>>> print(open('data.pdb').read())   # PDB, C-alpha atoms and all ligand atoms
MODEL        1
ATOM      1  CA  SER A   1      15.341 -22.033  42.480  1.00  0.00           C
ATOM      2  CA  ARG A   2      13.802 -19.330  40.242  1.00  0.00           C
ATOM      3  CA  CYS A   3      13.605 -15.507  40.651  1.00  0.00           C
ATOM      4  CA  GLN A   4      17.354 -14.775  41.112  1.00  0.00           C
ATOM      5  CA  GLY A   5      19.123 -11.931  39.427  1.00  0.00           C
ATOM      6  CA  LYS A   6      17.944  -8.411  38.903  1.00  0.00           C
ATOM      7  CA  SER A   7      14.254  -8.331  39.641  1.00  0.00           C
ATOM      8  CA  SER A   8      13.075  -4.712  39.373  1.00  0.00           C
ATOM      9  CA  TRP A   9      13.909  -1.907  36.980  1.00  0.00           C
ATOM     10  CA  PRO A  10      12.716   1.313  38.625  1.00  0.00           C
ATOM     11  CA  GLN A  11      14.787   3.515  36.318  1.00  0.00           C
ATOM     12  CA  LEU A  12      12.833   2.362  33.249  1.00  0.00           C
ATOM     13  CA  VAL A  13       9.777   4.454  34.065  1.00  0.00           C
ATOM     14  CA  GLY A  14       9.573   7.158  31.441  1.00  0.00           C
ATOM     15  CA  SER A  15      11.425   5.032  28.889  1.00  0.00           C
ATOM     16  CA  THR A  16       9.751   3.523  25.852  1.00  0.00           C
ATOM     17  CA  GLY A  17       8.433   0.014  26.238  1.00  0.00           C
ATOM     18  CA  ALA A  18      10.779  -1.293  23.548  1.00  0.00           C
ATOM     19  CA  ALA A  19      13.849   0.183  25.197  1.00  0.00           C
ATOM     20  CA  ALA A  20      12.719  -1.284  28.507  1.00  0.00           C
ATOM     21  CA  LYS A  21      12.111  -4.766  27.101  1.00  0.00           C
ATOM     22  CA  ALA A  22      15.613  -4.910  25.730  1.00  0.00           C
ATOM     23  CA  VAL A  23      17.257  -3.646  28.921  1.00  0.00           C
ATOM     24  CA  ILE A  24      15.269  -6.078  31.107  1.00  0.00           C
ATOM     25  CA  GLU A  25      15.912  -9.100  28.937  1.00  0.00           C
ATOM     26  CA  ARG A  26      19.654  -8.292  28.608  1.00  0.00           C
ATOM     27  CA  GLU A  27      20.129  -7.661  32.353  1.00  0.00           C
ATOM     28  CA  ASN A  28      18.231 -10.771  33.459  1.00  0.00           C
ATOM     29  CA  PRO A  29      18.393 -13.515  30.813  1.00  0.00           C
ATOM     30  CA  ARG A  30      15.863 -15.577  32.786  1.00  0.00           C
ATOM     31  CA  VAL A  31      12.948 -13.250  32.104  1.00  0.00           C
ATOM     32  CA  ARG A  32      10.795 -12.197  29.197  1.00  0.00           C
ATOM     33  CA  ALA A  33       9.310  -8.715  29.236  1.00  0.00           C
ATOM     34  CA  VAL A  34       5.643  -8.406  28.219  1.00  0.00           C
ATOM     35  CA  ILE A  35       4.365  -4.972  27.025  1.00  0.00           C
ATOM     36  CA  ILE A  36       0.844  -4.333  28.306  1.00  0.00           C
ATOM     37  CA  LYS A  37      -1.219  -1.152  28.262  1.00  0.00           C
ATOM     38  CA  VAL A  38      -2.080   0.276  31.681  1.00  0.00           C
ATOM     39  CA  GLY A  39      -5.623  -0.697  32.608  1.00  0.00           C
ATOM     40  CA  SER A  40      -5.876  -3.744  30.414  1.00  0.00           C
ATOM     41  CA  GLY A  41      -5.541  -6.436  33.019  1.00  0.00           C
ATOM     42  CA  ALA A  42      -3.241  -9.445  33.244  1.00  0.00           C
ATOM     43  CA  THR A  43      -3.389 -12.708  35.181  1.00  0.00           C
ATOM     44  CA  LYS A  44      -3.116 -12.268  38.901  1.00  0.00           C
ATOM     45  CA  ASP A  45      -0.653 -15.141  39.414  1.00  0.00           C
ATOM     46  CA  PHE A  46       3.096 -15.109  40.130  1.00  0.00           C
ATOM     47  CA  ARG A  47       5.802 -16.113  37.684  1.00  0.00           C
ATOM     48  CA  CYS A  48       9.565 -15.754  38.108  1.00  0.00           C
ATOM     49  CA  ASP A  49      10.146 -15.690  34.345  1.00  0.00           C
ATOM     50  CA  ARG A  50       7.829 -12.763  33.524  1.00  0.00           C
ATOM     51  CA  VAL A  51       8.280  -8.980  33.692  1.00  0.00           C
ATOM     52  CA  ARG A  52       5.193  -6.955  32.852  1.00  0.00           C
ATOM     53  CA  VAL A  53       6.013  -3.632  31.266  1.00  0.00           C
ATOM     54  CA  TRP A  54       2.983  -1.416  31.796  1.00  0.00           C
ATOM     55  CA  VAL A  55       2.780   1.356  29.198  1.00  0.00           C
ATOM     56  CA  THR A  56       0.705   4.405  28.340  1.00  0.00           C
ATOM     57  CA  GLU A  57      -1.222   4.775  25.067  1.00  0.00           C
ATOM     58  CA  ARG A  58       1.989   6.257  23.594  1.00  0.00           C
ATOM     59  CA  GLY A  59       4.030   3.239  24.682  1.00  0.00           C
ATOM     60  CA  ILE A  60       5.880   4.910  27.617  1.00  0.00           C
ATOM     61  CA  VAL A  61       6.627   2.843  30.704  1.00  0.00           C
ATOM     62  CA  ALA A  62       4.324   4.026  33.459  1.00  0.00           C
ATOM     63  CA  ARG A  63       5.007   1.573  36.316  1.00  0.00           C
ATOM     64  CA  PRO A  64       8.399   0.140  37.577  1.00  0.00           C
ATOM     65  CA  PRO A  65       8.882  -3.178  35.790  1.00  0.00           C
ATOM     66  CA  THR A  66       9.273  -6.024  38.267  1.00  0.00           C
ATOM     67  CA  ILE A  67       9.431  -9.823  38.054  1.00  0.00           C
ATOM     68  CA  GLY A  68       6.081 -11.471  38.728  1.00  0.00           C
TER      69      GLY A  68
HETATM   70  K     K A 101      13.650   6.860  34.011  1.00  0.00           K
HETATM   71 NA    NA A 102      16.683   0.039  36.800  1.00  0.00          NA
HETATM   72 NA    NA A 103       5.672  -8.771  36.174  1.00  0.00          NA
ENDMDL
END
>>> encode(input="data.pdb", output="structure tokens")
Amino acid sequence: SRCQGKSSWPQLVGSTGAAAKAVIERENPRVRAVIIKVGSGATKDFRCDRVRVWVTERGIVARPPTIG
């Protein structure tokens, strides 16, 4: 019965990746946030325990973090 809880963090765009990771992982204890640079690619599968945090070259969140 996975994927419950908060599952998207639209207000974290524009935040730093580190700030975002901590907010995500505090608000939903069933996920781990993964910082990844925009354009670098990540597996195209679906996981309820993962939140990709897509960041610019300066480490700013550039897409709304969502479970998947
Ligand atoms: K914001
Ligand atoms: Na949010
Ligand atoms: Na994700």
>>> residues_around(input="data.pdb", residues="residue A:52", least_positions_apart="5", cutoff="7 Å", atoms="all atoms listed in the file", output="list in words")
residues 33, 34, 35, 36, 65 and 66 of chain A
>>> write_last_selection(input="data.pdb", atoms="C-alpha atoms", output="PDB file, in the frame of the given file")
ATOM      1  CA  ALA A  33       9.310  -8.715  29.236  1.00  0.00           C
ATOM      2  CA  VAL A  34       5.643  -8.406  28.219  1.00  0.00           C
ATOM      3  CA  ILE A  35       4.365  -4.972  27.025  1.00  0.00           C
ATOM      4  CA  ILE A  36       0.844  -4.333  28.306  1.00  0.00           C
ATOM      5  CA  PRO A  65       8.882  -3.178  35.790  1.00  0.00           C
ATOM      6  CA  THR A  66       9.273  -6.024  38.267  1.00  0.00           C
TER       7      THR A  66
END
>>> resolve_selection(input="data.pdb", expression="the PyMOL selection byres (((chain A and resi 13-25) around 7) and not hetatm)", output="count of residues only")
19
>>> resolve_selection(input="data.pdb", expression="the PyMOL selection byres (((chain A and resi 7) around 6) and not hetatm)", output="count of residues only")
4
>>> atom_distance(input="data.pdb", atom1="atom CA of residue A:2", atom2="atom CA of residue A:30")
8.6 Å
>>> atom_distance(input="data.pdb", atom1="atom CA of residue A:46", atom2="atom CA of residue A:9")
17.4 Å
>>> resolve_selection(input="data.pdb", expression="the PyMOL selection byres (((chain A and resi 39-42) around 10) and not hetatm)", output="list in words")
residues 36, 37, 38, 43, 44, 45, 52, 54, 55 and 56 of chain A
>>> axis_aligned_box(input="data.pdb", around="stretch 13-27 of chain A", padding_each_side="8 Å", output="AutoDock Vina command-line options")
--center_x 14.3 --center_y -1.0 --center_z 28.8 --size_x 27.7 --size_y 32.3 --size_z 26.5
